[PDB]
C-alpha cells in the first residue's frame, strides 16, 4: 500500500469518496478508511431504531463514536436516515392502546425525532437522507405503502423535509433510493422530486444508492438517470455503491470464491462506472461505497442469507483488487 494511490486524492477534483461503517468496522478497517476516504456514513446506527428505540429514549452512543472518528480524521459525514419504511420501531405509529396514532400525533413525533437528531449533529454532518425509498419498486403506483404514508397522508415527505430544514437550514437534504436507474422507477423518482421542488420544498439532492450488479443497470441507463436527475437542478450523491457478483436471479449459495471471470468483469464494470462518474463531475459531488473491503458487506446476507459476496475495491485481506486499478485510472 505504500505506493498505492489514495482514492480521495485521486478524485480530489471530482467528488468525495466515502464508506459506510459501524463502530466495529471502523476498528477492523481503520487503516483503509484513514488512507482512502473523506466521507463516512453510518451503515445502521443513525437509523430510527438505533437512535430512538423507545419514545423519549435516545441512544446516540454508537452514532457519536462514528462522528468522532470522522471528525478526528477531517472526514465529512452523511446522515442516514430519518424517515424510512424499514428499521423504525413499532412505538412510533402506535398509541397507548396499541392502535395507530393520528396524523397530527405522528407529525409531532416525526418533528421531535428529526429536530433532536439533526440538532445534535449540526455543524458536523453536512447532509441528511431525509426520506429513504418512498417510491414503489414495483407496480404502477408512485409510492410504496408505509405506516408513515398511511397515517399522515402523501404529504408526509413534504413535512419531513421542512422539519429537517428548520432543524439545520445549512444541511443538504436528500431523497435517497435504489434501482434508481431503471427507467420506470427513474421516472417516478424524477416526478416525485420535481413535484416537491415545484412546491418550494427544501430537497437539495437525490441520492443514488447504486446497489448494482455486473450487468444492471446498463451504462446508458446510468447516464440517462444522472442526466434526468441533474436536470432538476439538484446535487447528486452516489450513496451506497457496491457491485454484486450475483444478478437478481442468481441465488446460488455454494460459491466459495468469485471466478476469474467475475473478478475481471467487476474490474471492467468499476472502471466503466467511474469513467462515467468523472464525466459528470460537475453534478456528482460524492461517491460513497456501502463498505470498503470484502471482509464486510451486507450483500453476504442479502438478498440470500448465509453466503459470500465480493462487491468492493479491496479484498478480505484489505488488498486492492483488479477493480481498484481500473477505478483509479479513469
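Residue numbers count along the first chain shown, from 1.
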Regarding 161-169 and 251-259, which shows the higher C-alpha temperature factor on average in the entry? 251-259
Per the PDB record, is the mean Cα temperature factor higher over 49-57 or over 299-307? 299-307
Checking the entry, which one of 238, 243, 101, 222 has the top C-alpha B factor? 101
If you compare 96, 79, 207, 217, which has the highest Cα B-factor in the entry? 96
Ranking every modelled residue in this chain by its Cα temperature factor as given in the entry, which third contains residue 27? highest
Based on the deposited C-alpha B factors for this chain, I'd like to know if residue 278 is in the lowest, middle or highest third. highest
On the chain's distribution of Cα B-factors, residue 73 falls within the third called highest
When the modelled residues of the chain are sorted by Cα temperature factor, does residue 151 land in the lowest, middle or highest third? highest
Compare the C-alpha B factor of residue 115 with those of the other modelled residues in its chain, then answer lowest, middle or highest third. lowest
